[PDB]
Amino acid sequence: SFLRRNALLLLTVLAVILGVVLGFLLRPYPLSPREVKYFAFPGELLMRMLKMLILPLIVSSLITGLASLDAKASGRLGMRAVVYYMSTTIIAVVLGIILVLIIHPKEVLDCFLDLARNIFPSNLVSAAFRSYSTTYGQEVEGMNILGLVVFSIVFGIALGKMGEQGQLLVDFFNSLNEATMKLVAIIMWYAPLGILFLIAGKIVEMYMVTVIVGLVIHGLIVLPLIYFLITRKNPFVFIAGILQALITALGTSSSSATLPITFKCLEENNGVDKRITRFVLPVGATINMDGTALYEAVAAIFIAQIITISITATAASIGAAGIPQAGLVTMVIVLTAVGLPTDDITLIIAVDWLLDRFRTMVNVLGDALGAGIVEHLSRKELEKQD
Amino acid sequence: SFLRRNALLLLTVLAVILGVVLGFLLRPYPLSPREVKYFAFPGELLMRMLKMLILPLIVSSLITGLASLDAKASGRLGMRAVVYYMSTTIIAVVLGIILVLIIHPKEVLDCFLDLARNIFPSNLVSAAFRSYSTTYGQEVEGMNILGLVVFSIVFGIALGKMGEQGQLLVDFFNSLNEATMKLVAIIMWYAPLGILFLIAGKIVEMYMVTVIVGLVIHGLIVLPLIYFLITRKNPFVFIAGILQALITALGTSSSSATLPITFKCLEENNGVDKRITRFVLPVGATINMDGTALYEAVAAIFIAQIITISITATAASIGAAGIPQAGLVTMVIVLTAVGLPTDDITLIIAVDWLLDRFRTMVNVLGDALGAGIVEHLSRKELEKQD
Amino acid sequence: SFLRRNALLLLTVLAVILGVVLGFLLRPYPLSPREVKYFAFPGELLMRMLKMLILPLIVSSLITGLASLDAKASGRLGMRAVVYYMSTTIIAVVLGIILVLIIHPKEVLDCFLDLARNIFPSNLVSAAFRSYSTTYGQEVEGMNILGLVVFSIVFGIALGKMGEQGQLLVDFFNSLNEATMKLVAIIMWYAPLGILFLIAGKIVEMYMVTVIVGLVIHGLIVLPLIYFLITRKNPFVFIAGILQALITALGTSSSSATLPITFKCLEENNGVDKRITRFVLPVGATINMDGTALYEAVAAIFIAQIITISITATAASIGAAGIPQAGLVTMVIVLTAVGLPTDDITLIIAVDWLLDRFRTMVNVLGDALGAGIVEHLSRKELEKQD
Ligand SMILES: COc1ccc([C@@H]2C(C#N)=C(N)OC3=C2C(=O)C[C@@H](c2cccc4ccccc24)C3)cc1
Ligand SMILES: COc1ccc([C@@H]2C(C#N)=C(N)OC3=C2C(=O)C[C@@H](c2cccc4ccccc24)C3)cc1
Ligand SMILES: COc1ccc([C@@H]2C(C#N)=C(N)OC3=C2C(=O)C[C@@H](c2cccc4ccccc24)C3)cc1
Ligand SMILES: [Ba+2]
Ligand SMILES: [Ba+2]
Ligand SMILES: [Ba+2]
Ligand SMILES: [Ba+2]
Ligand SMILES: [Ba+2]
Ligand SMILES: [Ba+2]
Ligand SMILES: [Rb+]
Ligand SMILES: [Rb+]
Ligand SMILES: [Rb+]
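Protein chains in written order, with the deposited numbering: chain A, 43 to 147, 170 to 200, 215 to 283, 296 to 395, 406 to 486; chain A', 43 to 147, 170 to 200, 215 to 283, 296 to 395, 406 to 486; chain A'', 43 to 147, 170 to 200, 215 to 283, 296 to 395, 406 to 486. A prime marks a further copy of an entry chain.
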């Protein structure tokens, strides 16, 4: 009965172990890294299929998400969601400093300007695939999620204040979100074939231990106890539904790439209201620092062998939303403010390929558990609409 | 009562004087021009917020603008609008020659080919952010307004001939125009904070006098007397409404960047019919040469110290719609036809930063006063639809 | 009466002869090839006008084409269409080997990977104008038709399974297809002026004979006899309607560029059902190899003076959908698998300018005659919907 009910998640569990085993079976690499790319190809296709659906999901989710909700109420439960994104990050930043205290193993100012320049895009067509970042054309390949999310929020809320006239395109983007979420059903089945070929190509190439210690204790103790404190419901039962999304989080290593799956794992598996998931999930894929700030704060102290380092590490990953090799460049810029050499970066690249997979896993769990706290803390607002 | 009724325009007047004063207070610049960019940043954000809204306003304005109007009648009042864009330019070109007579202070052929190549875009997605211009990829960053306006006009009129089937997406773009015009309400409030920081960063760096003499006499005598001749109504009362747009025209220095504000200053402040503003304003932001041809014709004679120079100067700025540093490159190409050195251009760049602000001010007033003449000369066509 | 009924096709026939005559009248070229570009300009404008309409036609045709049809039935008549695209190619590849037997006159593996990478686009906005192809950014200018067609098919069929919710945007893209097909009426009239100036600029610059022999025998014997075998109707009567599209196929030399005209020549001239033309024509503009594989297979044997060469030549042109100079680069990659020098390519470029015009003519006829066979072999499926 277990193999019949939960069939696809047992396949992804089989894909993780088979991906490690087959990868370790073909570990002595006599072939050039060019041939490794040809081997990791079936997993590379899944990423293209997922990246395809990021843009028409993020745009359509928020536009309907802020329109379905009253402009006055949505602005209030939105501030309630900010409470989660700020508190969990504060505890994580604090946890990172204690973690290195017991077990010790482009300009800086320009990144705060590029983040503000990315928030308000110059062209929405250019925002859909090019992100702004000052270089010495500043626009470079990689979706400007921070700009599209900002426009979608103010555009979506403008439709809530429109009513009669606005009703047309709101029904359009809801049908569009339903269309893009009907394409995700097929992408979920290609995931086992993808993941096993994707992680196998990435394996064939004490700080590492420090990171996982803090990441697991935050995702299994800190975050679930925050959920149990307000909702008064078991967190593992909520975790059981989002299992098909948390396993893919390791393979994808991007919260944006897993967003189409994470959406179905909350709306279908756990049974969470669409009106709040469409409001929490897109913002959470960029604003949430729970896992990525906890990874970057530990990275700064390890190579050095306090308030200024934390703020710079936060504004780094928010500025580099879904751009390829985001963690690689952001760690360089954060070292200019502290005054540390860039020679140590040549070693963390050969260890980030497995550590970034767990970084996303905490980030995806945070947005999912965040929506669970939001739903319970906004039940009266949701009943007002019905 | 005056401070209560007209509050935001008194703030922009305060922003202009405070922008000059604070700029002159911090005039001795010990900092590198890189730091000037960081200072002019709050005004740089307003430009990104305005450029954001250009594209979804221009596309949606014309599509509904030509569909709401009868395909037979719209084609006729359109020719009536061409009468304005041709006559005012002829008088301006003539005024420029008299102005230099009393007070004397890529190829040419390729620009006429690039203009024709820009009119019909090869790809509408590429047209939304890349303009065609031959270089020795010809497509370069900067919206192809000339191509999007052309498509929107023939696409919008195709919906007027569609009727029943076409009614769906016409109601979509009208709701979309209403959405983009509901976002402009917040951008209008960021303008005082923007303008004061934007003009201050631009101040810290007899021909100049000749230009303003011709520009003021055209905008305060020539254009208002043309309005008073047909409408038989006071032009200053019409100018009083568009005050919030004319002040921003100095700061933005682009007729396209001020189009979202100019739209509200005509539809809300002066109380002009949407059906004709959506028809006159987008075309006027590119086709109108009243101020920019009057600036370029005087530029040619001053550095030289007749029919061929005027036509080449007209087709230059129409070809370079909203592309950055349009006046800088177009003045180089116009000198090849007359046979004059490019050494004189190194001096006008340090004076254009204040002169281009008044160039746009005449251009924005021309499109606004043009719509006023169009409304009065097409009252019977508008009554036919009701 | 003949000049009155069929007026525009007699003009395009006049354009072909006048284009050759005027071109041969101005054959001794004393002007640099830069001036030839300025001469071929009125035909260059038609191509921009046609390329403009490719993207909003391909996207809107398939989305409504798979939604109007039942998800179960469409998947079946789709397999019936694959029968045509596979059988006609098999006969063509076989015909090419017999044609060279009687009358004898980036990596290879990467192209099979790039084709799979193009099928699933990473970003739909980027897919609308940039195609993926590995180079040693892989994304380069030229519409990713293979990616947009794939998305449109799975997105369109997702709307058929949506019903009530999906009904909104399906009526949108059908009105949009009707809009883009109402713009094509004016482009059809610019074609005679275009073609005569476009072919004249291309003329002023035994293998050639071998190609036309096989191309004419396939398009006038093989393909029409396949039509007459199933439909039991005269093929020349069906060819008579699509005459306005077949003449333009010579001028455009691209099946995608002629798609907007080919659509009207089937829906209006021959009177074919929209539901199947919108399903056959976009796929046929890329997947069909009837003419282009017959051109490339003969190209390999001529320069050499069997199963491995045919498969590589097929996957080459499908990978290079509508990208400029597709036949030039694909012939280089196919020679690496066989092991032949690239010195022979410097001669075929000066002969492809007339041979590629007939290559498309066979490809356009194949898609048109394919739709004719599909309609007759799916009459019962079409009656089920009514
Ligand atoms: C800096 O990064 C952000 C931007 C937004 C948010 C919140 C959020 C989430 N999650 C969503 N979906 O909507 C709103 C939020 C508000 O705080 C306020 C709320 C809102 C209401 C009314 C007018 C607004 C005008 C501008 C911005 C937000 C507005 C909408 C959080 C972080
Ligand atoms: C060269 O730059 C331009 C293009 C257009 C215009 C006029 C205009 C303004 N303002 C608008 N909104 O629509 C039309 C205009 C016509 O003259 C004619 C009118 C029109 C009616 C019917 C069919 C047409 C077909 C092609 C072009 C315009 C057409 C529309 C002016 C300058
Ligand atoms: C490789 O290049 C292609 C892709 C598609 C096609 C066929 C086609 C044509 N012509 C169209 N318009 O739709 C479908 C086709 C199917 O074979 C199958 C059919 C279909 C039905 C149901 C689910 C599908 C899921 C994925 C792909 C096709 C699907 C749609 C042919 C070649
Ligand atoms: Ba957080
Ligand atoms: Ba509402
Ligand atoms: Ba004018
Ligand atoms: Ba109408
Ligand atoms: Ba075929
Ligand atoms: Ba249906
Ligand atoms: Rb990541
Ligand atoms: Rb300007
Ligand atoms: Rb071709």
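Yeah, the Cβ is synthetic: ideal placement off N, Cα and C, and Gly gets one too.
Closer than 7 Å to a non-hydrogen atom of ligand 12 - does that hold for the CB of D456 (chain A'')? yes
- Which residue comes first and which comes last in the alpha helix (DSSP H) that contains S186 (chain A)? From DSSP, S186 (chain A) is part of no alpha helix (DSSP H); its letter is neither H nor E.
message = Between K170 (chain A) and chain A'', is the shortest Cβ-Cβ distance under 8 Å, so that the two count as touching?
response = no
message = Please report the straight-line C-alpha distance between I302 (chain A') and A257 (chain A'), rounded to a whole angstrom.
response = 38 Å
Suppose contacts are defined by Cβ-Cβ distances below 8 Å. Is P84 (chain A) in contact with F275 (chain A) by that definition? yes
Three-state secondary structure (DSSP) of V101 (chain A'')
helix
### Task
Starting from the N-terminal end, write out each residue whose C-beta falls within a distance shorter than 5 Å of any non-hydrogen atom of ligand 8.
A'':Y127, A'':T130, A'':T131, A'':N378 and A'':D380
Q) Quick one: what's got a C-beta closer than 7 Å to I423 (chain A')'s C-beta in the same chain, skipping five residues either side? A) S195 and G220
Determine which residues share a DSSP beta bridge with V218 (chain A') and list them.
A':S195
- Query: Nearest-angstrom Cα distance between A450 (chain A) and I281 (chain A)?
  - Reply: 10 Å
query = In its own chain, which residues sit with a C-beta less than 8 Å from the C-beta of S343 (chain A'), not counting the 5 before and 5 after it?
reply = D456, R457, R459 and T460
Item to check | Selected residue, minimal CA-CA separation from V63 (chain A''), among A'':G279, A'':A330, A'':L477 and A'':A415 | outcome: A'':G279
Exercise. Using the Cα positions of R46 (chain A') and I337 (chain A'), report the straight-line distance between them to the nearest angstrom.
Key: 19 Å
| message | Determine whether the beta carbon atoms of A413 (chain A) and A390 (chain A) lie at a separation below 8 Å. | response | yes
Exercise. Select from A:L99, A:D452 and A:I411 the residue whose C-alpha is nearest the C-alpha of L435 (chain A).
Key: A:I411
| Is any heavy atom in ligand 11 found nearer than 7 Å to the beta carbon of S344 (chain A')? | yes
Do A420 (chain A) and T430 (chain A) come within 8 Å of each other at the CB atom, strictly closer than that value? yes
| task | Quick one: residues in its chain with C-beta nearer than 8 Å to the C-beta of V362 (chain A), no 5 flanking neighbours on either side, listed in chain order? | result | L356, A471, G472 and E475
- prompt: Would you say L428 (chain A') faces chain A, with C-beta separation under 8 Å as the test?
  reply: no
For this session: Please confirm if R368 (chain A') has its CB atom under 8 Å from at least one CB of chain A.
Result: no
Is there contact here, the region 75-90 of chain A' with the region 233-253 of chain A', by at least three beta-carbon pairs under 8 Å? no
Within 8 Å, strictly: CB atoms of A192 (chain A) and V189 (chain A''): yes
Proximal residues of chain A, C-beta to C-beta of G215 (chain A'') below 9 Å: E219
Starting from the Cα of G272 (chain A), find the closest Cα among A:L477, A:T54 and A:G234 and give me that residue. A:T54
Original post:
Does ligand 11 have a heavy atom nearer than 7 Å to the CB of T460 (chain A')?
Top reply: yes
Task: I377 (chain A'') (DSSP reduced to helix, strand or coil) - done: coil
**Message:** Less than 8 Å between the beta carbons of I351 (chain A') and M266 (chain A'), yes or no?
**Reply:** yes
Are the region 438-454 of chain A'' and the region 362-379 of chain A'' in contact at 8 Å, needing three or more beta carbon pairs? no
Excluding the 5 residues flanking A394 (chain A'') on each side, which residues of the same chain have their C-beta closer than 8 Å to its C-beta? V438 and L440
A335 (chain A') classed as buried or exposed, judged by whether at least 16 other C-beta atoms fall within 10 angstroms
buried
Query raised in the report: By Cβ distance, which residues of its chain are closer than 8 Å to residue 156 (chain A''), with the 5 residues on each side in sequence left out?
Result: Absent from the coordinates is residue 156 (chain A''), which sits in the stretch where chain A'' moves from 147 straight to 170.
Query - 7 Å Cβ cut-off: residues of chain A touching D112 (chain A') - result: Per Cβ cutoff of 7 Å: no residues; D112 (chain A') is ~23 Å from chain A at best.
request  = Assuming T130 (chain A'') and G466 (chain A'') form a contact by the criterion Cβ under 8 Å, report the distance between their Cβ atoms to the nearest whole angstrom.
outcome  = 6 Å
Consult DSSP for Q245 (chain A) and reduce its assignment to one of helix, strand or coil. helix
message: Let me check understanding here. Comparing Cα to Cα, which of A':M94, A':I144 and A':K323 lies closest to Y297 (chain A')?
response: A':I144
Inset, instruction - Examine chain A' for any beta-carbon lying closer than 8 Å to the beta-carbon of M240 (chain A), and answer yes or no. - result: yes
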